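A structural walkthrough
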There are 2 protein chains.
Amino acid sequence: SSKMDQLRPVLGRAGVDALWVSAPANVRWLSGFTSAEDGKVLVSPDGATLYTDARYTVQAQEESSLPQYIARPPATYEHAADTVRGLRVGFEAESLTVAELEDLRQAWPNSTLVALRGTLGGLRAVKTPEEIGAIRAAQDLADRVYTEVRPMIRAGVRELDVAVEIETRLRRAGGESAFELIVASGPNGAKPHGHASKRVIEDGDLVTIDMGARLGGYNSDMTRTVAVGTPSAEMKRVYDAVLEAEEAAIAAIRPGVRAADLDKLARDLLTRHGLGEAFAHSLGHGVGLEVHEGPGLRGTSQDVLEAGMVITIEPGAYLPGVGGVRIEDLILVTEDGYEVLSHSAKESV
Amino acid sequence: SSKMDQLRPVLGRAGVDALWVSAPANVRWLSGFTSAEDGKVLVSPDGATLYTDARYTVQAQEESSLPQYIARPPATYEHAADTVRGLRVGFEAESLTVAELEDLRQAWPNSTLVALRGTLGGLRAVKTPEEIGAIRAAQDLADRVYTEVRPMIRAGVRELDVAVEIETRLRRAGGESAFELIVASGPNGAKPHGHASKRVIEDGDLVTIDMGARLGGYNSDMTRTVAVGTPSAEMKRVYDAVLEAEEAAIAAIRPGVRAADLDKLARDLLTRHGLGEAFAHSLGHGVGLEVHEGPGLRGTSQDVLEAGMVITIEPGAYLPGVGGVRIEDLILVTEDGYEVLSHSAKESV
Ligand SMILES: [Mn+2]
Ligand SMILES: [Mn+2]
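Residues numbered from 1 in each chain as written, not as in the entry; some residues may be left out. Chains lettered and ligands numbered in written order. Heavy atoms only, no water. Residues with missing side-chain atoms left out of burial classes, pairs and counts.

**Focus on the domain arrangement of chain A**
Residues and elements named next belong to chain A. Domain annotation for chain A reports domain 1 (1-124) and domain 2 (125-349). Here the C-alpha centre of domain 2 lies 34 Å away from the C-alpha centre of domain 1. Residue-level contacts link seven residues of domain 1 with 12 residues of domain 2. Summing both sides of the interface, domain 1 and domain 2 together bury roughly 680 Å²; the carbon and sulfur share of this comes to 46%. Interface area lost by domain 1 to domain 2 is led by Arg28, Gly122 and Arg124, which between them contribute 72%. (Domains from an automatic or database assignment. Contact = heavy atoms within 4.5 Å. Buried area = accessible area lost by both parts, 1.4 Å probe.)

**Observations concerning the coordination of the manganese ion (ligand 1)**
All names here are of chain A. Looking at the metal site, the manganese ion (ligand 1) is ligated by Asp210 (OD), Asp221 (OD), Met222 (O), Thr223 (OG1) and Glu328 (OE), spaced 2.2 to 2.7 Å from it. The motif formed by the donor residues of the manganese ion (ligand 1), counted along the single chain, is D-x10-D-M-T-x104-E. Taken together, the residues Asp210 in strand β9 (residues 206-211) and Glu328 in the loop between β17 (323-326) and β18 (329-334) connect sequence positions 118 residues apart. Since its relative accessible area comes to 0%, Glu328 is described here as buried. (Donors = N, O, S within 2.8 Å, 3.2 Å for Na, K, Ca; no water. Helix = DSSP H or I, 4+ residues; strand = E, 2+ residues; numbered from the N terminus. Buried < 20%, exposed > 50% of the residue type's maximum accessible area, 1.4 Å probe, protein only.)

**A look at the packing of aromatic side chains**
Residues and elements named next belong to chain A. Per the counting criterion, the structure on display carries 10 aromatic pairs over all chains. For the ring pair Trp20 and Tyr77, a centre distance of 6.2 Å and an interplane angle of 85° mean the geometry is edge-to-face. Here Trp20 is found in strand β1 (residues 18-21), whereas its partner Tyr77 is found in helix α4 (residues 75-80), with 57 residues between them in sequence. For the pair shown, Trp20 and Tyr77 are each scored as buried. Ring-pair connections join several aromatic residues into one group, and the members of that group are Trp20, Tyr51, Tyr69, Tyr77 and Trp108. (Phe/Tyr/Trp six-rings, centres within 6.5 Å; stacked < 30°, edge-to-face > 60°.)

**Observations regarding the environment of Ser177 of chain B**
All names here are of chain B. You can see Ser177 is positioned in strand β7 (residues 176-177). Once the C-alpha coordinates of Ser177 and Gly324 are considered, the two residues, 147 residues apart in sequence, prove to be 23 Å apart. Dropping the residues within four chain positions of it, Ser177 is found in contact with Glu167, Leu170, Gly212 and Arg214.

**Considering the coordination of the manganese ion (ligand 2)**
Residue and element names in this part refer to chain B. Binding of the manganese ion (ligand 2) to the protein goes through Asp210 (OD), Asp221 (OD), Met222 (O), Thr223 (OG1) and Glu328 (OE), at separations of 2.2 to 2.7 Å. Donor residues for the manganese ion (ligand 2), ordered by position in the chain, follow D-x10-D-M-T-x104-E. Here the residue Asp210 occupies a position in strand β9 (residues 206-211), and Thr223 occupies one in strand β12 (residues 222-227), the gap between them amounting to 13 residues.

**Thoughts on the pattern of salt bridges**
One pass over the structure, following the stated rule, counts 54 salt bridges over all chains. Between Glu246 of chain B and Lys346 of chain B there is a salt bridge, and its shortest N-O distance comes to 2.8 Å. Of this pair, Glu246 of chain B sits in helix α8 (residues 233-251) while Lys346 of chain B sits in the segment after β19 (337-340), and the two are 100 residues apart along the sequence. Residue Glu246 of chain B is classed as buried on the basis of its relative accessible area, which comes to 0%. Linking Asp268 of chain B and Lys264 of chain B is a salt bridge whose minimum nitrogen-to-oxygen distance equals 2.9 Å. Remark: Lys264 of chain B and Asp268 of chain B occur in helix α9 (residues 259-272); sequence separation between them is four residues, near one turn of the helix. You can call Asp268 of chain B partly exposed: its relative accessible area is 27%. Shared partners join several salt bridges into a network, and the residues in it are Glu148, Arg158, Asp161, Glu165 and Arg169 of chain A together with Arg172 of chain B. (Salt bridge = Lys/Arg side-chain N within 4 Å of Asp/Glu carboxyl O.)

**Concerning the relation of the copies chain B and chain A**
With an RMSD of 0.0 Å, chain B superimposes on chain A once it is rotated by 180° and translated 0.0 Å along the axis. Given the turn and translation reported, the copies of this chain are related as if by a two-fold rotation axis. Looking at the rotation axis and the C-alpha trace of chain B, the residue lying nearest is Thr97 of chain B, at 2.0 Å. Most of the interface of chain B is mirrored in chain A, where 100% of its interface residues again form contacts. (Least-squares fit on C-alpha atoms.)

**Quick notes on the sheet that holds β9 of chain A**
All names here are of chain A. Read across the sheet, three strands follow the order β8-β9-β12 without closing on themselves; strand pairing throughout is antiparallel. Looking along the sheet, the strands with just one partner apiece sit at the ends: β8 (182-185) and β12 (222-227). Adjacent strand axes in the sheet meet at a mean angle of 15°, parallel and antiparallel pairs treated alike. Pairing of β9 with β12, which is carried by six bridges, proceeds in the antiparallel orientation. Bridge pairing in β12 links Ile209 to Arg224. Sitting on the sheet, helix α6 (residues 129-149) is in contact with β9 and β12, with an inclination near 15° to β12. Contacts between helix α7 (residues 159-172) and the sheet are confined to β8 and β9, with β8 contributing the most and set at about 150° to the helix. (Pairing = 2+ DSSP bridges. Axes fitted to C-alpha atoms, helices over the stretch in contact; angles between N-to-C directions.)

**Brief notes about the interface of chain B and chain A**
Taken together, the 26 residues of chain B in the interface contact 26 residues of chain A. Of the roughly 2,200 Å² buried where chain B meets chain A, counting both sides, 48% is carbon and sulfur surface. For chain B, the biggest contributors to the area lost against chain A are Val98, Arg171 and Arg172 of chain B; these three give 31% of the whole. Viewed at the interface, chain A and chain B are joined by 10 salt bridges.

What follows is the structure, encoded as structure tokens:
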């Protein structure tokens, strides 16, 4: 099914006749336009149109699978007004600002604007082979850089300087760090929040490296924890439990498995190994045009995995004031199982 | 006048009794909380309260000048509901999403939510001496790194690699690049949009370096253009005109000068030197907790400069397919003139 033919039944069930697409990732998903922060798409009974300004004329002509109307706001949605006369027009309420909604309300007085909240969650969950290729390229770059920087992770090095080395190499390759890099050593390993600080890595520390590459618009995501010297027996048990949990959750991936059941599998396992109050609250997420997108792997999730989806699996266990471990891989759901896309070594500790 | 005593008359003129502050920069401005993406402030007849969650308990106690209520949304604004009973409550319509507004509407059924659009524009335009100090520190870091990277800008070097060197050094210093770095050589100098590409700098090129440092939450911003080898006579005339324009606009800065009149001064000057259809459409902007904030120096601006404001002055002239020049300095308005905060050399060409 085409992307448009995936989207239209969703709009029907949501009770709207049209959709103003404003989230850059969904503008790009639908049209192929790669400067999507400066584009908008109207999906309507008349078809679908990409709105962008004249700076982008040639680019949009080359990239867009949709016809273009070339102008600046407010001419864009004013031109669109006659198309949505008398229609229920959905909009992305978790993206659109109130001021932007007011602008549309003024332009479309004979339309009914309908807020869509969770409606388009996981719209992009299943990737095409072209999209998978782009994600593989991003993850391959991530793996290359991780492999290059790994030996520099040793006693005497600041967390921050490890992060700088990773960033430098991703950028030089024509990519970028996908999100604020995490390099968490020793007690900093217990904060899932923290990013690379000036703390100096020391003998005995575990070091958690949480990183992804953005390349050609697509993201990757993985997490590794490594030992510098010999860790405490406690931290070794924690590492071994998190790795056991990760590999077990990954091994249950297949079309039809419920995301919540994956989360439960990880929870139960960590609980069996004495870490059932120390663990992260979501097992993982979709990855694509955004680092964090549908599906969601939490206990309450109603998501069901299907072939073509790309997700993370990331159990974590944190011991406040002591240390913590996260291990994460990027997984493609296949027709009868899974394929791990993130190839960097997972070491013993 | 305190920040609260600056804000309350503005709210009065805007016809509201209260304000839900959601823009991170204004949350931080008002409270001093530095993880302001995860804080919200209610300004009300009862006073002002910072809302944030328990991860931030100690930090908020240490940083906030305002009392704290500790919880996650929606408990935060539900707890706030009784405070705004029967009140007109302003909200930042250019920040708040429609979904977030719906959440507030449900929580506050006995309140009237009032959209504020341009209302708080330039709220933070005048900086305190502490804020000025933070901006000086950011700009000093920018100048240091620029001075360090400048000699590497030569024939054979990719624009991208110059950008990487700048980023590396800012990060290692405990700061960050304030915005996507621009290193624009040769014809790339004619695109004000473009960022550092893989283009190799060559003899004869001008190179425009547009950069700032974010450090401790505060931003800096400057732009330099340099010659690699000997430029064409045309590009030299363009450079000399832009520098002439920049220094002239800067020399007119004082309390009471209209931002629009500064823009006109630059326009007229470029026009006199045959570049009056080649120039940028805004002369500059405020800088602070954001790279781009009030005031605005465009022809239509109603802004009037006052002591304590920090702005950029950046004339530009672009010759499509050939090249272009931008030169920009960061300026503090003083009681009887100005002080240039950006100290990197401006070279001859
Ligand atoms: Mn990760
Ligand atoms: Mn600049």
